[PDB]
There are 4 protein chains.
Amino acid sequence: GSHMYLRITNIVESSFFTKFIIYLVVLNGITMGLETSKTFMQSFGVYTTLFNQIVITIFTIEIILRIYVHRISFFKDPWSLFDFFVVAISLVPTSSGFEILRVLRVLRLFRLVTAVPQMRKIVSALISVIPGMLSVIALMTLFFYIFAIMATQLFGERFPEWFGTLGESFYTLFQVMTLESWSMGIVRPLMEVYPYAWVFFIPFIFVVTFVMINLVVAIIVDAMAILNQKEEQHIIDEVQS
Amino acid sequence: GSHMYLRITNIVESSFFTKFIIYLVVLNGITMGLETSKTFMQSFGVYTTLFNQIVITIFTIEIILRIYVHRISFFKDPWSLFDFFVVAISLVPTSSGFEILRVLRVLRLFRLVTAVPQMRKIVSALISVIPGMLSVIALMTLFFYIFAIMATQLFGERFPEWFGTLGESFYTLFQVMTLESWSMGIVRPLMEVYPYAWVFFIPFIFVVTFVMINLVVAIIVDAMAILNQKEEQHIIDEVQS
Amino acid sequence: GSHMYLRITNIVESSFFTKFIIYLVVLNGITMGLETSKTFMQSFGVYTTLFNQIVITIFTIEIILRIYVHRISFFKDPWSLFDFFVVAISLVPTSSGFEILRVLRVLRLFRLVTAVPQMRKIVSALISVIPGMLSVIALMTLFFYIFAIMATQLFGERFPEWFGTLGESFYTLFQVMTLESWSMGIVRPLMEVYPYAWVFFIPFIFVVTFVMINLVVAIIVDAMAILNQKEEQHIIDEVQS
Amino acid sequence: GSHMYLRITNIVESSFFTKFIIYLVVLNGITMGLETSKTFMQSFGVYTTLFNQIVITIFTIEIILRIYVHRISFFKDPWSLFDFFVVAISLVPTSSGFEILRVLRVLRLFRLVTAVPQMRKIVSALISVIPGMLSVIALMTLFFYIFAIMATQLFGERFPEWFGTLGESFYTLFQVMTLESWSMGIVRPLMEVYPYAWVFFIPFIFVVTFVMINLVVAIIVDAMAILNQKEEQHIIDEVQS
Ligand SMILES: CCCCCCCCCCCCCC(=O)OC[C@H](COP(=O)(O)OCC[N+](C)(C)C)OC(=O)CCCCCCCCCCCCC
Ligand SMILES: CCCCCCCCCCCCCC(=O)OC[C@H](COP(=O)(O)OCC[N+](C)(C)C)OC(=O)CCCCCCCCCCCCC
Ligand SMILES: CCCCCCCCCCCCCC(=O)OC[C@H](COP(=O)(O)OCC[N+](C)(C)C)OC(=O)CCCCCCCCCCCCC
Ligand SMILES: CCCCCCCCCCCCCC(=O)OC[C@H](COP(=O)(O)OCC[N+](C)(C)C)OC(=O)CCCCCCCCCCCCC
Ligand SMILES: CCCCCCCCCCCCCC(=O)OC[C@H](COP(=O)(O)OCC[N+](C)(C)C)OC(=O)CCCCCCCCCCCCC
Ligand SMILES: CCCCCCCCCCCCCC(=O)OC[C@H](COP(=O)(O)OCC[N+](C)(C)C)OC(=O)CCCCCCCCCCCCC
Ligand SMILES: CCCCCCCCCCCCCC(=O)OC[C@H](COP(=O)(O)OCC[N+](C)(C)C)OC(=O)CCCCCCCCCCCCC
Ligand SMILES: CCCCCCCCCCCCCC(=O)OC[C@H](COP(=O)(O)OCC[N+](C)(C)C)OC(=O)CCCCCCCCCCCCC
Ligand SMILES: CCCCCCCCCCCCCC(=O)OC[C@H](COP(=O)(O)OCC[N+](C)(C)C)OC(=O)CCCCCCCCCCCCC
Ligand SMILES: CCCCCCCCCCCCCC(=O)OC[C@H](COP(=O)(O)OCC[N+](C)(C)C)OC(=O)CCCCCCCCCCCCC
Ligand SMILES: OC[C@H]1O[C@@H](O)[C@H](O)[C@@H](O)[C@@H]1O
């Protein structure tokens, strides 16, 4: 709380600071689309590469400033950690030879989420449902795991591409979950060799489908139940009192 | 409010006027189906072309009359603006050389929506949900935008048809959203060259799917919550009073 | 109400009568599966053909008896009319030369629905939702109709199989509604010739999808609202009284 | 209740016993994944085969102990019966020559469900919805059965792979239910020979789809109705009393 501390603290926390960052993101966003065209890149490429290095500099300063202001409270904020790791990624230099990190640089456009509070509320809303499903996700994954193992050893030898490997079978089973080509592309070919392959995949399709629908039904109905508790208690004690 | 004004105002606003338009639309509707058959067109084509020019004349008169009656209130009515722009389109002549406008002429059948009030209520109902989703739509589109950029530069060089271009990648990503052939048609081919391509598309499939379902769940549950507020207040103050 | 009338009326209305019919249906049901195997048919075919003619005789008698008992009240009962028309179909003889009616004979197994009251309740439940959707169905069909006409004339000339005809276009548009191969099978081929074909089908996919989901959401939420009216009135007037 | 009985009864019922089993399952689970790699199997295969025989021994002892403790109450517990039949399967020796039972051995990983009570609650939750649907399932299956018979005899002769047989037709009809390639893969080929085949499959697609959605809607709305009964009674009699 020194006098130097509050100097920067009043900047960082200013609406102009936030607004300025958003301007940059929206600008670097448009810039990253244009960088997609080799035509544009041949003409104006050096400009954009610099604007890019400019922006990432600013964002590094910015993240350093917020760390001064917020201190340990910054590394316990998920939105700040995200901003951190996105900016960290952008710093690993293009010479790294692993172009994956060059492409991951686009994740900085997600600042337009962490910085706009109406976006934060949505993402928070969406994510909020997930912790109640962790056990169902675990059940589903165990299920996938068991069936991946059985598939690999029923079909891996004749169908190595689809089932030669735990991973390949996981992949194929996820594909059948989405029902994408599950019969013409997978199970019908399978059955020219394993005529009962349908006894594996149909029940797999039933379970996995039943569970997902039931997840959604339970979420709606159990929420409506809580809304009803809060209304019961209110009505019932405006009557008692 | 002159005496000439109300002369036409009583026509325009008459049930017979409305009924007459609907008759025409339903007639021009049947006519536009028959115009689809070259057989029919070879026999009776000139008849229909004229009936068509007739109807569009009437509709132009009609729209002019409603503008006299309603004045500035007409250009603040979305149903009137629609009727306007559909009739405007039909006026651009067949010589224009841009047959798109010739085909857009079919949109005049949508008068059967703007003119029948039971239809207006449905469309109004449906559209009513949209303004609350604008922020989610924006989040989704930003998401698509970020992933379109990463895809274009991970896969555009070897897969120009599916990913050579921001637009092509947008297209393909929408296709994967609907899950149409996402694995046999897209990701499996992709992985003969980029074995980890599944680390891109599966999480993309999870997010986009999770969000859409969660949109629907939130709409049902948040509405049921409002219905519960209005019932709380009623019950609670018939008790207080 | 004569003494002969009630003689048969007590049979027709007896539990044994109903039970007997169900036995027959379940028996003719098993029989119609076995008739599917040419092996079985070569061995036991003449037996089954007769059992079949037997059963349809009985059912004709049965339907005649119920008409005596129920009189005009029988032709105002949808379950009876169904039983009627299914038995009518079975009477048109195999010599007719239109094997469609030979196959429609299988519809008599649906007696196992019209005769078992737990089934009747389900089907009644399901059908009950439909009259409230008639206007939405009409909107959807008008929509399909307008888009079928535009598609036929944008794409019918180069793509006669998918769009050469109002009917063909209806078909294809229903296929795109279910999203079956809409992109790899239809729109991607289309775009090698009409690069903007995506401006037609994507918005078509949005509308048709939006509407169906919104139909379901409205049904759940509007029902929950009615359940809330009936509970309001009860609570509110046990308080008033 | 002898003194020897309670000796083992206190073990079986101990938290350490349960915990120990779970450790084993999670260990044999990891082991069954590694057994998937021929590389690993060539190096460490004999180890795993023994660990496997070890674990199944333990589980046999374990199941015998729980039978002593629980007696007839064990064969009326579905979770115990499952554990039983999974362990029974594992006992049939590898010499049996029916490798299906060798693969079914993986089902022992489902102990991680029967033994962890948070999992039991989920599966119990999910299964709980099913008994109310039995009649709808029956209606659906009758429906499939009737349509399988009609399809087999309309299309079995020209399309033996898809419809030559009651079973083949069942399969294909389930495929059309999931909408997987129903048009490009099935109905479009069908219509080059049977131009009206769409009069069969489209209504089939409507019914089967309508029913499934309606099942889900009814489940949500009928539950919300019960939640409303329990809240009515509470509110209404805190007012009466
Ligand atoms: C109602 C909820 C439903 C949730 C269902 C979840 C069930 C599990 C989903 C798994 C998805 C499919 C994963 C997959 O593709 O597996 C690949 C990997 C290893 O494969 P690998 O052999 O490297 O590569 C296969 C492709 N190839 C041969 C061309 C290189 O295989 C693995 O290594 C297995 C990875 C397991 C991932 C578990 C994901 C947890 C879900 C997170 C929750 C998100 C909520 C929004
Ligand atoms: C009862 C359950 C208890 C919990 C158990 C959870 C942990 C299980 C881990 C099992 C790990 C098994 C890994 C494995 O077998 O890898 C197989 C393959 C590699 O095959 P390999 O033949 O070694 O490749 C040789 C390559 N070459 C020729 C070039 C030399 O590589 C792959 O296929 C990739 C491996 C994907 C593993 C996916 C793991 C899913 C975890 C699910 C957890 C569920 C918890 C409830
Ligand atoms: C839960 C809500 C979910 C909403 C998700 C929305 C996410 C975004 C959907 C985008 C849909 C796909 C658009 C698409 O095809 O992109 C094409 C264009 C430019 O492509 P272009 O390169 O011209 O042509 C590609 C095809 N080709 C090469 C054969 C000519 O690409 C563009 O120019 C991008 C256009 C962006 C459109 C944004 C649409 C907003 C949705 C409206 C809300 C409707 C509610 C009923
Ligand atoms: C952090 C985000 C901030 C917000 C940013 C939103 C605005 C972004 C606009 C980016 C515009 C980039 C346009 C672009 O790169 O076009 C690429 C291609 C043309 O490639 P090009 O190589 O120029 O074609 C040469 C043709 N030749 C050979 C015959 C001479 O043409 C195409 O591929 C069509 C371009 C489709 C653009 C789709 C725009 C989606 C907007 C999403 C907005 C999300 C807001 C939350
Ligand atoms: C995990 C949840 C993520 C959710 C957000 C999505 C993030 C995006 C992940 C993107 C992964 C894309 C992987 C892929 O296959 O892309 C292609 C690259 C490069 O191909 P490469 O393997 O170099 O083969 C080149 C062959 N050649 C020379 C003949 C052309 O392949 C590679 O270089 C493989 C490298 C694997 C990277 C793994 C990245 C982990 C996720 C990123 C960090 C989280 C951000 C929130
Ligand atoms: C949320 C509700 C969604 C409802 C959406 C309904 C929208 C309309 C659905 C239409 C379905 C597709 C009909 C179709 O395939 O059209 C074929 C016919 C004439 O085709 P045609 O040229 O004879 O044959 C085409 C095939 N070919 C060339 C190989 C012989 O084309 C016609 O003749 C048109 C027939 C219009 C049928 C209208 C159906 C009303 C729906 C009934 C409600 C059921 C509720 C359970
Ligand atoms: C503003 C809307 C007002 C309401 C209008 C509703 C009534 C519309 C009826 C239109 C009837 C048009 C029939 C038509 O054009 O048929 C075209 C084709 C036959 O083509 P054609 O070239 O004659 O075949 C010649 C055969 N050859 C070479 C062997 C001699 O045959 C076909 O393609 C089959 C025709 C399918 C008709 C589907 C009708 C859907 C009704 C939707 C109603 C919506 C109400 C809200
Ligand atoms: C809203 C609820 C929706 C429920 C819808 C249920 C409707 C019926 C589903 C039937 C699923 C398809 C069964 C199927 O593939 O049929 C095959 C068998 C005999 O086929 P088969 O000729 O041996 O083999 C065909 C394949 N081939 C030629 C290559 C060897 O065909 C048969 O033998 C018939 C088997 C009937 C099974 C009935 C299943 C009851 C559902 C259980 C409820 C689960 C709830 C989680
Ligand atoms: C009104 C309804 C009353 C209830 C009726 C329920 C019971 C129906 C049972 C019917 C059994 C018919 C079995 C049948 O026809 O099998 C046909 C084929 C075998 O064909 P086949 O030509 O004998 O094979 C000869 C093989 N060869 C050349 C090597 C010598 O093999 C197959 O295709 C497999 C058979 C699949 C049977 C699926 C049964 C579904 C039950 C649905 C029950 C619904 C209850 C509400
Ligand atoms: C409308 C809602 C219905 C809902 C319940 C479903 C009822 C089932 C309808 C079945 C329609 C099947 C039509 C179809 O394409 O089947 C094939 C037949 C016969 O083929 P065909 O056209 O004779 O060509 C033979 C060519 N050859 C000599 C070289 C082999 O094709 C024909 O013979 C065409 C005949 C069209 C029959 C139209 C039937 C109307 C519906 C049945 C009455 C309602 C029952 C509730
Ligand atoms: O206590 C919080 C502090 O953590 C340290 O790691 C940093 O160097 C400081 O700048 C930060 O304020």
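Both backbone and side-chain heavy atoms feed into the values below; hydrogens, waters and symmetry mates do not. Convention: sequence-line order gives letters A, B, ...; per-chain numbering from 1.
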*Any ion pair linking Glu62(D) and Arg111(D) (charged N to carboxylate O, less than 4.0 Å)?*
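Salt bridge present between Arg111(D) and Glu62(D).
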
Checking the side chain of [X] only, and the main-chain atoms of [Y] only, is there a donor and an acceptor separated by less than 3.5 Å?
X	Y	result
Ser124(D)	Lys121(D)	no
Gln175(D)	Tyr171(D)	no
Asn28(D)	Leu24(D)	no
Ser90(A)	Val87(A)	no
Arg7(D)	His3(D)	yes
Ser181(D)	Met184(D)	no
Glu180(D)	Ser183(A)	yes
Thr165(A)	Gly167(A)	no

For the residue pair [X] and [Y], establish whether any side-chain heavy-atom pair is separated by less than 4.5 Å.
X	Y	result
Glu168(D)	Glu161(D)	no
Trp79(A)	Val123(A)	yes
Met140(A)	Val211(A)	yes
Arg108(D)	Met32(D)	yes
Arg105(D)	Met150(A)	no
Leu81(D)	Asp77(D)	no
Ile21(D)	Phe59(D)	yes

Aromatic ring proximity, centroids under 6.0 angstrom, [Y] and [X]:
X	Y	answer
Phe159(B)	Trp162(B)	yes
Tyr5(D)	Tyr68(D)	no
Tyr194(A)	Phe200(A)	no
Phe144(B)	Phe204(B)	yes

_For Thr152(B), give me all partners under side chain to side chain contact (heavy atoms under 4.5 Å, CB included), at least two apart in sequence or on another chain._
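For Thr152(B) the side chain to side chain contact (heavy atoms under 4.5 Å, CB included) partners, ignoring immediate neighbours, are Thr36(A), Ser169(B).
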
*Check against salt bridge (charged side-chain N to carboxylate O under 4.0 Å, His left out), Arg66(D) and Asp83(D)*: CA-CA 11 Å; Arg66(D) 322 215 318 243; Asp83(D) 287 34; 3.2 Å; yes

*asked:* More than 12 heavy atoms of other residues, nucleotides or ligands under 6.0 Å from CD1 of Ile61(D): yes or no?
replied: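 It does: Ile61(D) CD1 has more than 12 such atoms within range.
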
*Is the number of heavy atoms from other residues, nucleotides or ligands within 6.0 Å of CZ (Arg120(D)) greater than 12?*
yes

Any idea how [X] and [Y] line up, ring-wise: parallel (<30°), tilted (30 to 60°), or perpendicular (>60°)?
X	Y	answer
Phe155(A)	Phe163(A)	tilted
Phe44(D)	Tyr47(D)	tilted
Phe174(D)	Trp182(A)	perpendicular

_For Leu139(A) and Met119(D): C-alpha separation, side-chain torsions, deciding distance, then whether side chain to side chain contact (heavy atoms under 4.5 Å, CB included) applies._
CA-CA 7 Å; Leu139(A) 184 55; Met119(D) 302 319 313; 3.3 Å; yes

_I'd like to know whether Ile213(B) forms a side chain to side chain contact (heavy atoms under 4.5 Å, CB included) with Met212(A), so could you lay out the CA-CA distance, the side-chain angles of the two residues, the decisive distance to 0.1 Å, and finally the verdict._
CA-CA 11 Å; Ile213(B) 319 168; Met212(A) 269 182 327; over 6 Å; no

*Checking side chain to side chain contact (heavy atoms under 4.5 Å, CB included) for the pair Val106(D)/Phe147(A): CA distance, chi angles, key distance, verdict?*
CA-CA 9 Å; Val106(D) 193; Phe147(A) 270 70; over 6 Å; no

